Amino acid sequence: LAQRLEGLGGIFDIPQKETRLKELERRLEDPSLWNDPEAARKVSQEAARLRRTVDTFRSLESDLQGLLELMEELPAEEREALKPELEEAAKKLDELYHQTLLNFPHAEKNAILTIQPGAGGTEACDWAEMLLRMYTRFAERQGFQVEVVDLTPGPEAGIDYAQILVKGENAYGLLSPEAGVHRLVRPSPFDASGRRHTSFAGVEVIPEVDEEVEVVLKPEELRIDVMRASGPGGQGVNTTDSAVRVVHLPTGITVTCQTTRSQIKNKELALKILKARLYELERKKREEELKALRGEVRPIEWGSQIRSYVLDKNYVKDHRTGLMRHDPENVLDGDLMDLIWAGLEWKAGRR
């Protein structure tokens, strides 16, 4: 299959677009439309990378009969001058594949992940907090920083809403195939009869883009509110603390943010998120469009849960990818990579 990566890694169409990014950049009247010349050198990496693909499969296929020398002799002065080029290769292969699985759009950008319970009652709020812990642990073990933009606790337990900002390379991309509905099956700690409950929570992920590509906001298009959760009776120093709710009147889109103390840094974040949600509202719409042009029915949508975590029977099962894991306790503690790559491939495989 890594043989067929060169299959949909496009290597017959890509060897022709390379000698193109250069010609448009050769004419002196290129920087006339500035927004095109800046993405012709960046896209020209794909011009040089393909040779880096054949050059690596030739270097790789050395191994197809390279260790023939070492399996015939063990010391190797000349051969170990080629093997340290194989780990730059063995690890250049994974890279390639995982590199190609990550190039969409904004795959590179940080991520804004949001969780809200669905049906199930108290069970669903606990489940939502569980997913939050899962993604927080996921970030943790990946070297990403997490900024709890907001976190609304639930009536009786768990959370009623949560929204985080995961900062790190390809946060969006990696987390992107996780957007969807998640189903939980197990007996509820909240119900005395050991009756299995079924609970749901949905997860969203959009990317935190570059604000330059984002619209600009009219102060008169917003309604800033400074909120103080709700202190039980004691509202003396609780009359003005630090959380701000920005509303975007034209849409009704709203963003709340209690990350820090400085009420002024929070407005900044609330607005950084808000901007990105509008940006998302656009793309979503700019795509409901190409359907107008030869798109009369339903595209490709998955209604029920994308993944199931059924604990009393000890397995986690991704219904799209098909990947089944027997250690839900690990999945639930952050170990998500294998579920992700698989999702990325399932998503790629359909573009």
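One rule holds for the numbers: they count along the sequence shown, beginning at 1.
Relative to one another, 236-244 and 181-189 have unequal mean CA B-factors, and 236-244 is the one with the higher figure.
For the pair 226-234 and 250-258, the record assigns the higher mean C-alpha temperature factor to 226-234. Ranking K317, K42, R283, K313 by Cα temperature factor from the entry places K42 first. You'll see in the entry that, of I11, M337, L21, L332, the Cα B factor peaks at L21. When the modelled residues of the chain are ordered by C-alpha B-factor, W302 sits in the middle third. In the deposited entry, the Cα temperature factor of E129 places it in the lowest third of its chain's modelled residues.
In the deposited entry, the Cα temperature factor of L74 sits in the top third of values across the chain's modelled residues. In the PDB entry, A348 places in the middle third of its chain by CA B-factor.
When the CA B factors of the chain's modelled residues are split into thirds, the value for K83 lands in the highest one.
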